[PDB]
Amino acid sequence: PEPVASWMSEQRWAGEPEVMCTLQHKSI
Amino acid sequence: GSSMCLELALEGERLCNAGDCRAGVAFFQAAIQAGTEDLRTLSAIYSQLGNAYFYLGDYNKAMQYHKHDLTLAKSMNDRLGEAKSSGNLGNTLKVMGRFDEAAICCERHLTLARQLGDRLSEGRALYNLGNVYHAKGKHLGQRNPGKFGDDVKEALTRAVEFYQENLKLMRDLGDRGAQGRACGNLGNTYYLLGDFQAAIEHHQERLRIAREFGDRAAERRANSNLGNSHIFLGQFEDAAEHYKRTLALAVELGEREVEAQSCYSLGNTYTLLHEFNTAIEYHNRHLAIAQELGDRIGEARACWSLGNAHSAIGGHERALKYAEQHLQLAXXXXXXXXXXXX
């Protein structure tokens with residue numbers, strides 16, 4: 001096992017997702 | 001009474017806003033107990049309870065109260081309200097991994113929005129359906145990492161379609177920040193699909209938009225996604241540039257965990273580049289952060305990498321020390337590297 005291949009493999013399914021909450025608020 | 005409920009519910013609302021959501025939930029419950037004749041108020045309390053439970057991680061409760069709100073909203077013929085409830089419930093179901101059900105709720109939101117001609121609501125629904133299918137394909141891929149099945153590709157493919165529909169509507173409406181969100185998620189989805197060139201193009205637009213808004217966090221995300229995309233196109237110098245930009249942003253934002261990951265990524269990328277000294281500086285940075293943060297798993301990865309990096313430059317004795325450090329932290333792999341260096 002090789003640290004670089006191991007790192008790249010972990011990266012395959014990585015990604016910084018958009019973070020905005022999409023819940024909708026009903027004002028009282 | 002109805003006025004008791006109202007005051008209790010408004011204090012509930014105010015307390016969730018101020019980030020005292022656990023006390024808020026108590027006020028919403030007192031407000032239900034006090035009772036009201038106004039369904040629009042009751043429905044709003046059910047909805048706020050559903051969101052507060054969502055944020056607190058009690059997804060069963062959130063689902064329960066969103067459903068109450070939904071049903072009450074049908075029963076009041078409040079179509080825009082029903083659409084919101086459906087969207088909220090769909091989101092909750094998505095987080096519970098109940099994707100089929102989530103999609104149905106989110107389609108309903110989309111259906112109502114289009115009936116009403118509410119383009120912004122339609123946009124939101126499209127984005128949410130994008131999120132459901134994106135989360136579904138991601139989940140399927142994780143759950144069986146050794147295969148890249150039709151089910152995964154099918155899920156991600158639907159996600160692409162919804163996000164594209166969203167992006168186009170967001171362009172028609174001129175909603176720049178929403179365009180930025182759609183590009184980011186499209187970029188991620190194409191990246192999971194392995195359409196790395198499509199991911200690049202969308203992450204690049206995402207970055208452009210983030211910069212227009214002075215949104216440093218979105219800039220950081222975009223640069224991180226770019227670095228990864230470049231690695232997956234074999235473009236190692238572009239990747240190094242994007243990771244460095246990521247790093248500079250993470251320092252400016254005080255995101256120490258992200259600073260660490262960017263450094264580890266740079267160590268790897270420079271190793272591929274055969275710039276061992278430069279890799280070693282990046283790995284040293286990652287290692288120091290991992291130590292400061294008590295992240296032992298990262299510390300093991302660092303030691304492993306640093307052992308290799310040092311051997312690569314004939315630093316054999318130093319290499320041995322990292323290998324031993326890796327062993328402690330960890331096992332099979334280090335024992336082999338520790339034996340090979342003797």
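**Let's talk about the interface of chain A and chain B**
Many authors give the size of an interface as the accessible area that is lost as the parts come together.
And then number 1: Contacts between chain A and chain B engage 26 residues on the former and 62 residues on the latter.
And then number 2: Looking at side-chain class alone, the side of chain A that touches chain B contains 13 nonpolar, seven polar and six charged residues.

**Focus on helix α16 (residues 316-329) of chain B**
All names here are of chain B.
And then number 1: Given a rise of 1.5 Å per residue, 14 residues ought to cover 20 Å, and the 20 Å separating the end C-alpha atoms of α16 matches this to within 8%.
And then number 2: Within α16 the residues assigned to the buried category are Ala319, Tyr322, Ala323 and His326. For α16, the angular spread of buried residues about the axis comes to 105 degrees, placing them on one side. In α16, the exposed positions that point more than 90 degrees away from the buried face belong to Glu317, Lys321 and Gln328.
And then number 3: Buried positions along α16 lie against α14 (276-292), α15 (296-312) and α17 (332-340).

**With respect to empty space enclosed by the protein**
And then number 1: Counted as a void, the largest cavity has a volume near 40 Å³.
And then number 2: Around the largest cavity sit A:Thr22, B:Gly87, B:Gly90, B:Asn91, B:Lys94, B:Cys106, B:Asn128, B:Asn131 and B:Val132, which together line it.
And then number 3: When contributions to the lining of the largest cavity are tallied by element, the ones reaching two or more residues are α5 (79-95) and α7 (119-143) of chain B.
And then number 4: For the lining of the largest cavity, the element with the highest residue contribution is α5(B), accounting for four residues.
And then number 5: By residue class, the composition of the lining of the largest cavity is two nonpolar, six polar and one charged.

**With respect to the packing of helix α3 (residues 39-55) of chain B against helix α4 (residues 59-75) of chain B**
All names here are of chain B.
And then number 1: Where α3 meets α4, the axes come as close as 7 Å, and the angle between the chain directions of the two elements is 160 degrees. Of the possible angle classes, the one that applies to α3 and α4 is roughly antiparallel. Crossing angle aside, the handedness with which α3 passes α4 is left-handed. Together, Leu39, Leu42, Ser43, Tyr46, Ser47, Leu49, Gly50, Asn51, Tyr53 and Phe54 of α3 and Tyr59, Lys61, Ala62, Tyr65, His66, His68, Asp69 and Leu72 of α4 make up the contact between the two elements.
And then number 2: Grouping the constituent residues of the contact of α3 with α4 by class yields ten nonpolar, six polar and two charged.

**Describing the UniProt feature "repeat: TPR" (unreviewed entry) in chain B**
And then number 1: Look at the UniProt record and you will see "repeat: TPR" (unreviewed entry) annotated at residues 43-76 of chain B.
And then number 2: Span residues 43-76 of chain B is 88% helix and 0% strand, its end C-alpha atoms 9 Å apart.

**Observations concerning the side chain of B:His310**
Residue and element names in this part refer to chain B.
And then number 1: Take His310: it is sitting in helix α15.
And then number 2: For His310, a relative accessible area of 11% gives the class buried.
And then number 3: If near-sequence neighbours (up to four positions away) are discounted, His310 is found in contact with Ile280, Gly315, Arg318, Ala319 and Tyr322.

**Concerning the pattern of salt bridges**
Residues and elements named next belong to chain B.
And then number 1: Counted under the stated rule, the structure contains 23 salt bridges over all chains.
And then number 2: Across the pair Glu219 and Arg216 runs a salt bridge, and its minimum N-O distance is 2.6 Å. Highlighted residues: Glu219 and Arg216, both in helix α11 (residues 216-231), separated by three residues, approximately one helical turn.
And then number 3: For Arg216, a relative accessible area of 25% translates into the label partly exposed.
And then number 4: The partner of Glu259 in a salt bridge is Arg256, with the nearest N and O atoms 3.0 Å apart. Here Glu259 and its partner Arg256 are both found in helix α13 (residues 256-272), three residues apart, which amounts to about one turn of the helix.
And then number 5: Several salt bridges converge on common partners, so that one network encompasses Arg211, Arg216, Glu219, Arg245 and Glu252.

Conventions used here
- Residues numbered from 1 in each chain as written, not as in the entry; some residues may be left out.
- Chains lettered and ligands numbered in written order.
- Heavy atoms only, no water.
- Residues with missing side-chain atoms left out of burial classes, pairs and counts.
- Contact = heavy atoms within 4.5 Å.
- Nonpolar A, V, L, I, M, F, W, Y, C, P; charged D, E, K, R; others polar.
- Helix = DSSP H or I, 4+ residues; strand = E, 2+ residues; numbered from the N terminus.
- Expected span 1.5 Å × (residues − 1).
- Buried < 20%, exposed > 50% of the residue type's maximum accessible area, 1.4 Å probe, protein only.
- Arc of directions from axis to C-beta.
- 1 Å grid on protein atoms, 1.4 Å probe; cavity = no way out; pocket = protein on both sides within 12 Å on 5 of 7 lines; lining within 4 Å.
- Points joined across faces, edges and corners; volume = space filled by probe spheres on them.
- Axes fitted to C-alpha atoms, helices over the stretch in contact; angles between N-to-C directions.
- Parallel < 35°, antiparallel > 145°, perpendicular 65-115°, else oblique.
- Left-handed = near helix turned anticlockwise from the far one by under 90°.
- UniProt positions renumbered as here; feature names shortened; annotations may be inferred.
- Salt bridge = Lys/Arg side-chain N within 4 Å of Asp/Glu carboxyl O.

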